[PDB]
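The structure appears below as structure tokens.
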Amino acid sequence: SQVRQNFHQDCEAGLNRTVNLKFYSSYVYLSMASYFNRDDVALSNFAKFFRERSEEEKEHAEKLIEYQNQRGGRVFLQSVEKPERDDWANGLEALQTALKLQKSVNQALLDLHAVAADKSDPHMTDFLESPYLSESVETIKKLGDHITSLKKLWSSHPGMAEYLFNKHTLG
Amino acid sequence: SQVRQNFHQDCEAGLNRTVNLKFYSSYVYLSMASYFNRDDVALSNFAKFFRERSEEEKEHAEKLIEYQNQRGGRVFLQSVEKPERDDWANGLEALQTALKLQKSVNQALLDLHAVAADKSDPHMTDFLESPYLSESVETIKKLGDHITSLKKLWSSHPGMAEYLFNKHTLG
Amino acid sequence: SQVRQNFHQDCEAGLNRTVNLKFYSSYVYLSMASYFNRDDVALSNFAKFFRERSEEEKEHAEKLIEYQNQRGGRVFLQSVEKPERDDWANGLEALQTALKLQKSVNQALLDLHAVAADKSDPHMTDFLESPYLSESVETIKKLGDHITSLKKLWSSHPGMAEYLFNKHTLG
Amino acid sequence: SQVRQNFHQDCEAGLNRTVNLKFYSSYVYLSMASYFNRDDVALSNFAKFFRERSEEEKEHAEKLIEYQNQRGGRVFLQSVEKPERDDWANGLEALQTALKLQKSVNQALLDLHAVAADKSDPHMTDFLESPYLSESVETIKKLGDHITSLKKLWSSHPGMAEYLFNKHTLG
Amino acid sequence: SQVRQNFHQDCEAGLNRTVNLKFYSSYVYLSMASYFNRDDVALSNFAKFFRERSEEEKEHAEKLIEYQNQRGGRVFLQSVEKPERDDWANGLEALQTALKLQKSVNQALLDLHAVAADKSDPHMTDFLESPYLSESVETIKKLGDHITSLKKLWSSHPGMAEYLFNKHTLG
Numbered sequence: 002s003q004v005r006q007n008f009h010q011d012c013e014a015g016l017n018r019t020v021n022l023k024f025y026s027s028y029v030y031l032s033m034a035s036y037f038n039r040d041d042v043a044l045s046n047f048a049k050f051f052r053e054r055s056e057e058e059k060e061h062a063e064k065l066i067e068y069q070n071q072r073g074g075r076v077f078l079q080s081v082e083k084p085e086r087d088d089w090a091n092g093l094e095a096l097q098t099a100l101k102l103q104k105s106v107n108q109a110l111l112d113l114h115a116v117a118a119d120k121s122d123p124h125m126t127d128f129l130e131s132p133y134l135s136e137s138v139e140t141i142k143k144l145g146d147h148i149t150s151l152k153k154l155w156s157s158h159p160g161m162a163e164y165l166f167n168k169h170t171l172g
Numbered sequence: 002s003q004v005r006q007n008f009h010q011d012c013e014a015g016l017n018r019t020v021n022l023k024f025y026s027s028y029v030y031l032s033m034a035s036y037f038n039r040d041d042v043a044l045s046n047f048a049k050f051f052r053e054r055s056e057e058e059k060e061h062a063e064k065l066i067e068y069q070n071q072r073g074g075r076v077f078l079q080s081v082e083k084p085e086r087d088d089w090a091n092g093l094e095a096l097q098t099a100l101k102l103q104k105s106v107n108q109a110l111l112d113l114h115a116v117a118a119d120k121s122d123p124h125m126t127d128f129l130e131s132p133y134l135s136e137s138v139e140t141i142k143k144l145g146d147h148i149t150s151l152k153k154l155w156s157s158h159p160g161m162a163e164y165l166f167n168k169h170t171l172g
Numbered sequence: 002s003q004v005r006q007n008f009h010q011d012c013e014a015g016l017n018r019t020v021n022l023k024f025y026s027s028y029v030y031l032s033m034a035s036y037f038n039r040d041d042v043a044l045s046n047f048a049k050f051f052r053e054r055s056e057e058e059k060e061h062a063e064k065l066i067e068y069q070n071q072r073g074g075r076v077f078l079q080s081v082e083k084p085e086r087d088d089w090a091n092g093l094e095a096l097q098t099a100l101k102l103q104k105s106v107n108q109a110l111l112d113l114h115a116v117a118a119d120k121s122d123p124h125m126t127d128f129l130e131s132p133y134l135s136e137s138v139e140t141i142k143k144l145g146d147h148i149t150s151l152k153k154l155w156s157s158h159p160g161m162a163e164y165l166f167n168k169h170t171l172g
Numbered sequence: 002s003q004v005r006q007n008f009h010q011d012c013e014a015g016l017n018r019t020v021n022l023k024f025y026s027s028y029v030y031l032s033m034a035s036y037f038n039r040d041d042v043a044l045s046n047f048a049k050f051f052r053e054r055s056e057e058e059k060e061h062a063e064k065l066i067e068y069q070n071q072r073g074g075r076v077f078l079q080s081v082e083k084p085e086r087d088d089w090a091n092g093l094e095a096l097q098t099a100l101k102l103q104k105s106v107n108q109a110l111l112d113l114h115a116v117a118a119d120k121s122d123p124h125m126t127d128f129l130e131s132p133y134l135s136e137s138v139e140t141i142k143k144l145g146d147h148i149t150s151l152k153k154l155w156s157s158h159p160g161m162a163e164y165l166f167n168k169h170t171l172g
Numbered sequence: 002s003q004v005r006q007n008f009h010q011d012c013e014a015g016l017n018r019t020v021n022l023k024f025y026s027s028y029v030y031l032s033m034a035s036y037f038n039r040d041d042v043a044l045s046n047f048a049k050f051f052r053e054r055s056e057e058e059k060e061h062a063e064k065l066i067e068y069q070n071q072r073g074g075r076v077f078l079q080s081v082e083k084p085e086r087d088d089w090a091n092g093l094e095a096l097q098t099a100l101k102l103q104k105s106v107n108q109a110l111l112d113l114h115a116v117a118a119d120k121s122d123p124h125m126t127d128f129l130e131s132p133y134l135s136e137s138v139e140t141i142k143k144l145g146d147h148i149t150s151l152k153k154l155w156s157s158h159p160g161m162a163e164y165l166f167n168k169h170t171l172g
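Protein chains in written order, with the entry's author numbering: chain A, 2 to 172; chain B, 2 to 172; chain C, 2 to 172; chain D, 2 to 172; chain E, 2 to 172.
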């Protein structure tokens, strides 16, 4: 690329890997959002929450793809694996997996950032920090809060827990 | 001070003491507000409530400092002791300590008022009465109400108690 | 904390230390602002300037406390030491101490940043840079300018220096 | 008076005495305001300041007279003595006498308040406190500030002192 | 009365009796509203509800007094007995007594109406029907609904029952 400058191939490859990870995340969130809209689950706000998280990960994936081009990198798309499960049991379990997924996505961003810094790319490093890295801690803290509130109610009544959380917290 | 008139040194000293007490109160409220924002506590409105109470005590402290100057008094700042604890257990316990703290602050204002009246200072006496003394009884009554509502739910379900109170009462 | 990820204990501890430093700074600025409102000092704008600087440091302290929570850190509050003096002599002396205080706060932020980078935390590093680090150099440059202007007048007339500076520069 | 209740004759007499004192104050302020408008003095803002203080004391006198009637008291007007001097030398001297006059007016209000409390009249006591007593400390502090600023410049240059103060502070 | 026409003395006397009954009702409602604002009860909306019911009964009493005059009747006021109790135990008990009180007030209106019809007074009869008689059935039905909702929750949890009802139904 005539545009390419100070863009290492490990940064290029890492970008493609993380791009796939972001699509995989949105796919997982889409799976969760669909499960909650089931007539036998009926947690509308839980679904909306996972639906938004889905669009957000997709959006990131596209901004990473767009970043690949801006730097003169070449984007190579891989297949996106389906979620580990089609049934997410309940809201607490759904929230818990989301937190784990967020932490792995964050770990991926942190690792890529490391290689970017390693190769002395202040631009990529800066790009990853905001809003990617910042968004992760915000979402992780937010998920962590939701799980706490749900757990406090879960002990009282699980069925009512999801219902209340669904109306008041995710509403 | 060329401005000083009918301002007794016991009133001056009492002002400085109470000023420190107000900073100490806001510091305690700040401590409580921080505890409730913890991911493992997650009571957003409880935190907001203590955060406001924090700014309010700080504001009073500054208006007392400003009053010290207006009367020709000299303000002497002391160190502000850290709160008795960093972990406030729960909302009921947090509310209960707040009530006790408010009552001691009120007792301090009442005592200072007494010395002001003793030294025949109608100005200081008037100054303490509103909004300092009035604000205390309002807040104490309000805290007393909150504790009652929380206690009624606590018996039903403690986890749900804080959650409901947090959304409906402190919201 | 279920939220905690890539958050080293040295970063956690450093955060608590710097938090106390920020409260200490606002307390010092509050002390200066009170001194200037004395009937025998009467530099209204000097006071307003230090009053704003006071609220700004307090605000930072709270955003650091809030950051501690977001990362899954636990905030531990220490007592906040009173300012070194209750009488700040004059405006030049007051401005000079402010500059020294700002430089030590900046040095603290720079050191914390260093440990953050050392532990490979791109998030904290990013967080410290703006607005904390940027705010410091802005304020330090601004204080440096004020001192220069005051010094130029001081040679002409000290009493008039503070008066003019107070009306024109800090006004 | 069919209206009179819990209104002691010492409170009634004290009211008439203080009423005369308020007229005397406005007369003194009027004297000062006139001196500053002299072509050979020319301190327009100093004059405006004393002119306002004049109207303010007059207004108080009338509100005290109105209070006398409301309580069923009978107002007895005495002659109002002319000011001690027709030439007020300069702004510093003028400001210094104003401060002394304000302190004597304040002392009168404080004494009357004392007799009101002595006779157990919560109404009069309340009436004196605001805005009479509060207005005094505000004005005394304000005068005290003005004198300080003027004195700082006076040492530099007296002629320029009044000119600057006149434009910037009293403007 | 030169105005009096087709106004029987039994209607006149019945009016005075019912007037006292209306004051007695508002007094009872005032008692209930005060009990709920106690710091140890803290049911703000329950209090507001009884406070409104209080003003409504008072208003009716005055419209009956005004009606007495319009017809050329002479109003004779009797003493208004204090409520049967100062402590209303809880919300369910409070609501239950309100329903009983409403039914006795309704019974009084129905009886008076009967004497009005008996004496062939189409005007009074019409006057009682709206809004007095209509207001009663509306309020009685409304109270009946509230008691049902409260009772359904009471079985689940009494403390939470009053809290929820207080926020959602009476809110």
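Where is the CB? At the ideal position from N, CA and C, for every residue including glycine.
- In the three-state reduction of the DSSP assignment, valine 76/B falls in the coil class.
- Those residues of the region 96 to 114 of chain A placed with their C-beta closer than 8 Å to a C-beta in chain C are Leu100, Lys104, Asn107, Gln108, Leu111 and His114, ordered along the chain.
- Cβ-Cβ separation between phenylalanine 47/C and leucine 171/C: approximately 6 Å, consistent with a contact (criterion under 8 Å).
- The alpha helix (DSSP H) runs of length 4 or more contained entirely in the region 138 to 165 of chain D are, from start to end of the chain, 159 to 165.
- In this structure, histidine 169/B sits away from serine 157/A, with a CB-CB distance that is not shorter than 8 Å.
- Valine 42/A sits in coil when the DSSP states are folded into three classes, being neither helix nor strand.
- DSSP places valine 20/A in the helix class (H, G or I) of the three-state scheme.
- When Cβ pairs closer than 8 Å are counted between the two stretches, the region 5 to 17 of chain D is seen to touch the region 111 to 131 of chain D, the count reaching three or more.
- DSSP places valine 81/B in the strand class (E or B) of the three-state scheme.
- Straight-line spacing of the CA atoms in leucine 78/B and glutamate 85/E works out to 57 Å.
- The C-beta of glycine 145/A comes closer than 8 Å to at least one C-beta of chain C.
- DSSP, read as helix, strand or coil, puts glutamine 108/A in helix.
- Of the residues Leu113/A, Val81/A, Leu93/A and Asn70/A, the one whose Cα lies closest to the Cα of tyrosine 164/A is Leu93/A.
- Interface criterion met: the Cβ of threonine 149/D is under 8 Å from a Cβ in chain C.
- Residues of chain B with a Cβ closer than 7 Å to the Cβ of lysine 59/A do not exist, since the nearest Cβ in that chain sits about 26 Å away.
- Listed along the chain, the chain C residues whose CB falls inside 8 Å of the CB of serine 32/A amount to none; the nearest CB is some 22 Å away.
- Here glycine 172/E carries a coil assignment [DSSP, helix/strand/coil].
- CA-CA distance, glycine 145/C to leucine 102/C, rounds to 12 Å.
- The straight-line gap separating the alpha-carbon atoms of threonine 98/B and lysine 23/B is approximately 15 Å.
- Secondary structure at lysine 120/A: coil, using DSSP grouped into helix, strand and coil.
- At a cut-off of 8 Å between beta carbons, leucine 93/B makes no contact with chain E.
- Distance check between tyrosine 133/C and each of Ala62/C, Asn167/C, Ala90/C and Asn91/C places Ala62/C closest, using alpha-carbon atoms only.
- For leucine 134/B, not one C-beta of chain E is nearer than 8 Å to its own C-beta.
- Residue contact with chain B for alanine 90/E: absent (no Cβ-Cβ distance below 8 Å to any residue of chain B).
- Annotated three-state conformation of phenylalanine 8/A is coil, per DSSP.
- Between the alpha carbons of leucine 16/E and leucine 113/E lies a gap of roughly 8 Å.
- Sequence-ordered contacts of the region 151 to 164 of chain D with chain C read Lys152, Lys153, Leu154, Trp155, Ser156, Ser157, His158, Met161 and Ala162 [C-beta pairs closer than 9 Å].
- At least one CB of chain D lies nearer than 8 Å to the CB of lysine 168/C.
- Beyond the five residues adjoining it in sequence on each side, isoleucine 141/D comes within less than 8 Å, by CB distance, of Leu100, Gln103, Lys104 and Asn107 in the same chain, given in chain order.
- In this structure, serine 2/A sits away from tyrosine 30/A, with a CB-CB distance that is not shorter than 8 Å.
- The C-alpha of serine 32/C is placed about 12 Å away from the C-alpha of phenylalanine 50/C.
- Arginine 5/C is a Cβ neighbour of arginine 72/C, given a cutoff of 8 Å.
- Taking a 10 Å sphere around the C-beta of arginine 39/A, we find fewer than 16 other C-beta atoms and assign the residue as exposed.
- One thing to note: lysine 83/A has its Cβ within 8 Å of the Cβ of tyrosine 28/A.
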